[PDB]
Amino acid sequence: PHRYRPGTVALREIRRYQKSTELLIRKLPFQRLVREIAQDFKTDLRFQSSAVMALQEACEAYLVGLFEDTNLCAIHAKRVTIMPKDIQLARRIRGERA
Amino acid sequence: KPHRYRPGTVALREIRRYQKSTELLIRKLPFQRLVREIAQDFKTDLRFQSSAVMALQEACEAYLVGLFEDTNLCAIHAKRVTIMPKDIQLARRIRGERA
Amino acid sequence: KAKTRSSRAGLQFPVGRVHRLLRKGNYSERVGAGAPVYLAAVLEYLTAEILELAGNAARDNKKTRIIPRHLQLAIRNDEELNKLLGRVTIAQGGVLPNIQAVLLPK
Amino acid sequence: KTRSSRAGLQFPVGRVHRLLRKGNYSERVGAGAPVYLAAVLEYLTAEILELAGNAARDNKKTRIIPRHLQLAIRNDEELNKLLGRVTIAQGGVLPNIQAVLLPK
Amino acid sequence: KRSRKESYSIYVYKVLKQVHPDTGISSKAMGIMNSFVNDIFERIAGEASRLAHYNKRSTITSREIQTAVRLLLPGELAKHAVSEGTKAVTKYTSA
Amino acid sequence: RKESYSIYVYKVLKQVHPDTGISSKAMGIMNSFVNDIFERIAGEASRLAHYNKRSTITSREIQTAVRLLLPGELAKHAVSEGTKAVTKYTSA
Amino acid sequence: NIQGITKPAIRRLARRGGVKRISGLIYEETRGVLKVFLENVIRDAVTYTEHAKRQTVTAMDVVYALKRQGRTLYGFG
Amino acid sequence: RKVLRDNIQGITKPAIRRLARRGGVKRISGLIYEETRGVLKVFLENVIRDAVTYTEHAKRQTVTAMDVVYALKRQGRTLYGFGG
DNA sequence: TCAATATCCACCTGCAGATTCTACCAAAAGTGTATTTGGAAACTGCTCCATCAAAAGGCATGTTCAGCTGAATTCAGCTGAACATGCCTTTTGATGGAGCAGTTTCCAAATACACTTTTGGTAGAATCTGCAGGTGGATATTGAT
DNA sequence: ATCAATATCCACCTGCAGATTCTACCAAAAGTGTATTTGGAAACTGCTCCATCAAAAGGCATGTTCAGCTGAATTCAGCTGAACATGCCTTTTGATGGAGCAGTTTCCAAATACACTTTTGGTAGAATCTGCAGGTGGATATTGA
Ligand SMILES: [Cl-]
Ligand SMILES: [Cl-]
Ligand SMILES: [Cl-]
Ligand SMILES: [Mn+2]
Ligand SMILES: [Mn+2]
Ligand SMILES: [Mn+2]
Ligand SMILES: [Mn+2]
Ligand SMILES: [Mn+2]
Ligand SMILES: [Mn+2]
Ligand SMILES: [Mn+2]
């Protein structure tokens, strides 16, 4: 039998994704999410095929950054697991909230 | 004979004292030199408008008082009550200043 | 016999000024007739809205004269104004009394 | 006779002169302004394509793609500051794993 | 030989009386106010120029100013803003 | 017809890396870049003008703009590269 | 539909982010911030579609909005 | 007159301490004092540089309030109170 | 170290799939000429800034002490990563009929424009008064015993 | 659970520094009569965009295990707050000299207006080139005895 010790796939995972540049969220779900949000503002709306990519990109790209800032906040607290609180401080600092 | 406060009593005292005020905390003159000095080193023989200085001091202190909160938040985020350089680097790092 | 366009739209702000600054400031080739009006209003409104809270803050501190501090408190307690003026700093303004929770004695 | 070749550049001084009188930047635009700007533009484009180019080879490809442009930017400090609040589409981050997280 | 400088100072005062008849405002505070106006002015007008440009239209209608406000001001403040805005334009147009 | 700095960029590319090419998306990135810088430089240029009550944007403005916008060395090479381009244009 | 952004995804994200361990609580908290982000971007974007007198949201609309939010995006005109 | 030299040390400790109370800080690590000057100096430079640049582009030998302001503005650290 | 297991890096290899080069054309840049005009080169006017004096006590600095904070360890209840499984939205590959984004072609309304009145807005000396800076009795809170 | 010891609180108080009014100038809104052109308003044309339809597959979701992370609880060396004495500046207010900021005057070299010629710089088109993604051996790493 064989198994990689806890937190080793993650590393191989980090290196993996950091190496790529492909989107991670799933297209279809995301669109459904977009379009849905857009409703609260204007109905019967069509989105340029790429107008979603723009959103898709801007989005993944924003989160990843927020994560890096979150990871630093987790570490700074002597931890190694990002928690909701980190994600918050990260933002309370960016000026995004409070 | 004599009295004496436990450490923290005057800190919280001052924190209250200065958040209720809006006076500049740095001494004007020392700040002025620093300013002329720095300017001095970009273009010599510069003259400053009495206010140009005030603007800068007003802006500076605010930037820091602002920097110190985000700092104090980081000390507390690591279950500490004393801000440390570790904390200023983070604040600034996350802000995007010294990435 | 002429009348300021300000009154025509019944505003307290200089509707003529605004139109001029829209031109002397080159923002666009031309400028509608209501542009200065509309904007002038939005400006009068916002200025009116923060003067209302300032004067209150000024009334609480127990004085009859708005000063920078009051404008800080005003702008800093109203969620919406605070966001409008998030990356702004009021000279002589100060900060809102606020000791972090975990620092207080136990 | 193209004002551009005149000033010895690849970027459109002409066009640029056109975009200036459009943007509603100032009532009138000086003759050298377009030129000067175009150059400044061509320059940075050169600075970027170069570095990016190296990244393309450093990876072994011959077609410069976003990932190369991205590496080229964030790797260099100056550009990284210039384009600090910008995000390259199809860019990816730069390899980075905090020491603390590391094994053994 | 004089060089008189402008300011929205007289008007802030007119509005101050409207919301606080007895209340008065200091020089510095008046200064803070005056800045506020120009800032906001610059923002809205800017946001405007862009809409107009982004839209190949060469003029800033009071309609751009509005979309500017909607884009610039946060919710409630925007409602009210827009309100007072239309109320002044329509009234105006009726000589 | 829609325009872009697609061709010019390509010239500069084939001028420092004759051997290599450039992806469409990369071109779209590079393209988005020129424009941004353009706007940044032209804006700050515009304000430089206004602040000083001038109704014409000159090289002097652009330059300063460039001084204000671009960081460290990036600043200098640009300014140079720019002033250079100026004289050489005025000569012919 | 926000639950559509599956956990595994939010995690791959935190990977590119450089995160090793993840608190199960994150996943919702993250779905939270994300929606705010999109609510913000689209409202400002749609407004553009609107003022533009259209029924179709273009990339530009998204782009201009991103710039507004200080999230400049290169690569889509 | 006299030569302006290492004046950052003017921004004493009592002060940095103060700026930190109004900031809400109750306990200050001793190494903080030197860090603050570290940043105060960087901040002050960046703002002042842009200012003077503005001063130069206006062929003036004096730094004016507006300069300092168009400066802070540029830096995204917009100030009100001298703004005019 | 010694392996058994699993991931990973690396020559090596044959195509649409984007890429890149062409072959032609409106839109746009060049140029010729002519008509304004922004604002740079001198000159004073005369604020606003530099400096200097001087006397005072507001503050800074440095030292002694020790309260209590940070930081180092120890411990085990579990949270969340690794892994194996099972079932299902996602990806995709056209296809269709058309909602709409755009292109023209005019044109009535909306602006720019140039001059001449007709006033608000300013700047500058009146003429006030908030409230700053003390002055002192009550709370209110702290910390010793 | 009391009781000094300090600091925080307010209400008065009173002069003057900072408003708040009170009058004389124009830079600048306001009219009116044109001259220009802007951006809807029909109206037509092809995109591009939903909207099905139908399969294979990654992908996702669950549930099982337990490695080792996060948290709470002590503990002790030292750091950083408090308090105090010392006496070094920073303030304060005014005075004087004068750089140089900032209103005028002018000319010029430079920029803007028309409109009449060439070149581009985009568009599909046509002819290529690459990085794709599949292999599959050959190490690298992990991990366990
Ligand atoms: Cl949490
Ligand atoms: Cl209008
Ligand atoms: Cl020029
Ligand atoms: Mn020096
Ligand atoms: Mn502790
Ligand atoms: Mn009058
Ligand atoms: Mn008092
Ligand atoms: Mn002189
Ligand atoms: Mn050609
Ligand atoms: Mn491959």
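As a convention, Cβ positions derive from the backbone with ideal geometry for all residues, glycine included, and neighbour counts pool all protein chains shown. We did not get these values from a lab; they are worked out from the coordinates using the rules stated.
Worth pointing out:
- Given (1) in contact with a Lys or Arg (Cβ under 8 Å, 6 or more places away or on another chain); (2) under 26 Å from F:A65 (Cα atoms), index of the condition D:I65 fails: (2)
- Taken together, the residues in the range D:22-34 that are part of a helix (DSSP H, G or I) and more than 8 Å from ligand 3 (Cβ to nearest atom) amount to 2.
- Qualifying positions in the range F:34-61 - in a loop (DSSP other than H, G, I, E, B) and either more than 8 Å from chain D (Cβ to nearest Cβ) or within 18 Å of the chain's Cα centre (by Cα) (or both): F:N52, F:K53, F:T58
- Residue-level analysis places D:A46 outside the set of residues that are of a type outside the set (S, T, N, Q) and in contact with a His (Cβ under 7 Å, 6 or more places away or on another chain).
- Of everything listed in (1) within 16 Å of ligand 3 (Cβ to nearest atom); (2) within 14 Å of the chain's Cα centre (by Cα), the single unmet condition for H:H57 is (2).
- So A:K78, is it in a loop (DSSP other than H, G, I, E, B) and touching a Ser or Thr at 6+ places or on another chain (Cβ under 8 Å): no
- Cβ pairs under 6 Å, 6+ apart, first in the range C:48-61 and farther than 15 Å from C:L96 by Cα, second of a type in the set (S, T, N, Q) and within 12 Å of DNA strand J (Cβ to nearest atom): C:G55/E:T23
- Options D:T2, D:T62, D:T45; residue that is facing chain F (nearest Cβ under 7 Å) and over 22 Å from F:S80 (Cβ atoms): D:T62
- Filter result (at the interface with another protein chain (Cβ under 7 Å from one of its Cβ atoms), in a helix (DSSP H, G or I) and within 10 Å of DNA strand J (Cβ to nearest atom)) within the range G:12-50: G:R12
- Qualifying residue in the range D:72-92 (condition: of a type in the set (K, R), part of a helix (DSSP H, G or I) and within 23 Å of F:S4 (Cα to Cα)): no
- Residues that are farther than 27 Å from D:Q90 by Cβ and under 16 Å from the mean Cα position of the chain (by Cα) within the range G:16-32 comprise G:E28, G:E29, listed in sequence order.
- Which listed residue, of F:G28, F:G21, F:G72, is in contact with a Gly (Cβ under 8 Å, 6 or more places away or on another chain), small (G, A, S) and closer than 27 Å to D:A56 by Cβ: F:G28
- Considering residues of the range D:66-83 that are of a type in the set (A, V, I, L, M, F, W, C) and more than 17 Å from F:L68 (Cα to Cα) only, the residue farthest from the chain's Cα centre (by Cα): D:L71
- From D:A31, D:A7, residue being out of contact with any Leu (no Cβ under 8 Å at 6 or more places or on another chain), buried (at least 18 other Cβ atoms within 10 Å of the Cβ) and not charged (D, E, K, R): D:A7
- Residues in the range B:1-38 that are near DNA strand I (Cβ under 9 Å from one of its atoms), assigned to a helix (DSSP H, G or I) and within 7 Å of another protein chain (Cβ to nearest Cβ): B:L12, B:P30, B:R36.
- Top-ranked residue of the range F:68-82 - restricted to ones that are surrounded by 19 or more Cβ atoms within 10 Å (Cβ to Cβ) and in a helix (DSSP H, G or I), ranked as farthest from DNA strand J (Cβ to nearest atom): F:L74
- Qualifying residue in the range A:39-53 (condition: within 10 Å of chain G (Cβ to nearest Cβ), out of contact with any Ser or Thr (no Cβ under 7 Å at 6 or more places or on another chain) and crowded, with 22+ Cβ neighbours inside 10 Å): yes
- Scanning the range F:1-46 for residues that are crowded, with 19+ Cβ neighbours inside 10 Å and more than 23 Å from F:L70 (Cα to Cα) returns F:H17, F:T20, F:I22, F:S23.
- Residue in the range H:27-74 that is farthest from B:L46 (Cα to Cα), counting only those that are touching a residue at least 24 places away in the same chain (Cβ under 8 Å) and surrounded by fewer than 17 Cβ atoms within 10 Å (Cβ to Cβ): H:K41
- Of all positions in the range D:19-41, none carries a residue that is more than 14 Å from chain G (Cβ to nearest Cβ), in contact (Cβ under 8 Å) with a residue 12 or more places away in the chain and of a type in the set (D, E).
- Filtered residues of the range E:47-59 (kept if more than 16 Å from ligand 2 (Cβ to nearest atom) and surrounded by fewer than 14 Cβ atoms within 10 Å (Cβ to Cβ)): E:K56
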